[PDB]
DNA sequence: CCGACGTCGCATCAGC
DNA sequence: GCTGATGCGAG
DNA sequence: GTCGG
Ligand SMILES: [Mg+2]
Ligand code: NA
Ligand code: NA
């Protein structure tokens, strides 16, 4: 932090404005990359030129850093921050299911605040209402102790519906993280393959029957997004939580797990490495690239380890897949 | 100079 | 009613 | 906005 935190906040703020106000998702990711890279740099950045050396920090961000160091502020940001229209739009997107477009329409027609949304239930789609209901809870983090508690429930109820199911809670949770943002469960069964009833439904149903799943954002044959909660002790109720459960075919499961285990940077590397070794990994399958680039049949995979074999890597533990 | 920067499931909107 | 686009939130 | 063909 305090080393170059002034700078990473500036860049993260600018990132958020590009995403929500300007609708420039690529400039959003540029500032985000620039932020991460400076955040890892263990020296108090002395000038914009110094920063430029780092990947993802270019001319225009070197300039902003120079201005910030010299003045301790950045004129464009100070100005956007006082902007009534924009700071509202930026804010409203914090409601889950409200993106840059819905937040634009809203601010356009007066609606700017949480109370403004609360007064206009009838202009919110279903996702948005749930988002408003749980705005506070959703911006909280999930402590790993609750994550374990949550998992206990998920693994118990999945098994109770049919013992042949496999459920794996992935995400940063799986990489040993102290806290999580939501839960992502990857679910498969022997009767579901690429060449292959209600398998997702029955599990949601049962998580609902024991009152773990409280609300549904969206649900189809393969992906469920919704809300969940741990039950009460006399002690204060637990916050409501985002949970995603996805149903993957068995032959694509361990690719699924690898992929949704991450981290984003770790997959970015593992794809680059598997490349030269003559393989293409995606979230679904690993395939061999033939002489000119033509990817052939997907190789069978029966554990995460199989993938690591194909590309001559030693199976790295989820605990060490930070990059 | 100029295009990639993942792509996808699902809910909901637009067009027909 | 149907089909395709667009919005959203996820690596 | 940054990078790179
Ligand atoms: Mg049985
Ligand atoms: Na640079
Ligand atoms: Na949102």
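Note that we place each Cβ from the backbone using ideal geometry, even for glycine, and neighbour counts take in every protein chain shown. Only the coordinates and a few stated rules stand behind these numbers; no lab work does.
Descriptive notes on the structure:
- The distance from the alpha carbon centre of the stretch A:252-323 to that of the stretch A:75-142 is 38 Å, rounded to a whole number.
- Rg and Dmax of the stretch A:4-83, both derived from C-alpha coordinates alone, stand at 11.8, 34 Å.
- Note on the stretch A:260-322: Cα Rg divided by 2.2 N^0.38 Å, N the number of residues, gives 1.08.
- FRET E, pair residue A:314, residue A:114, Förster distance 56 Å, beta-carbon r, rounded to 0.05: 0.65
- Set the Cα radius of gyration of chain A against 2.2 N^0.38 Å, with N its number of residues, and you get 1.15.
- Per residue, the convex hull spanned by the alpha carbons of the stretch A:1-151 comes to 143 Å³.
- Based on alpha-carbon atoms, the Kirkwood radius and the radius of gyration of the stretch A:40-116 give Rg/Rh equal to 1.15.
- Working note: 222 nm ellipticity from helices only, DSSP H runs with n ≥ 4, each -39,500 (n - 2.57), summed and divided by the residues of chain A, gives -13500 deg cm²/dmol to the nearest 500.
- Between residue A:178 and residue A:218, the simple spin-label model (points 7 angstrom out along Cα→Cβ) gives 3.3 nm.
- Computed over the Cα atoms of the stretch A:141-259, the ratio of the radius of gyration to the Kirkwood radius (Rg/Rh) comes to 0.96.
- Note on the stretch A:84-140: Kirkwood hydrodynamic radius from all Cα pairs is 11.0 Å, rounded to one decimal.
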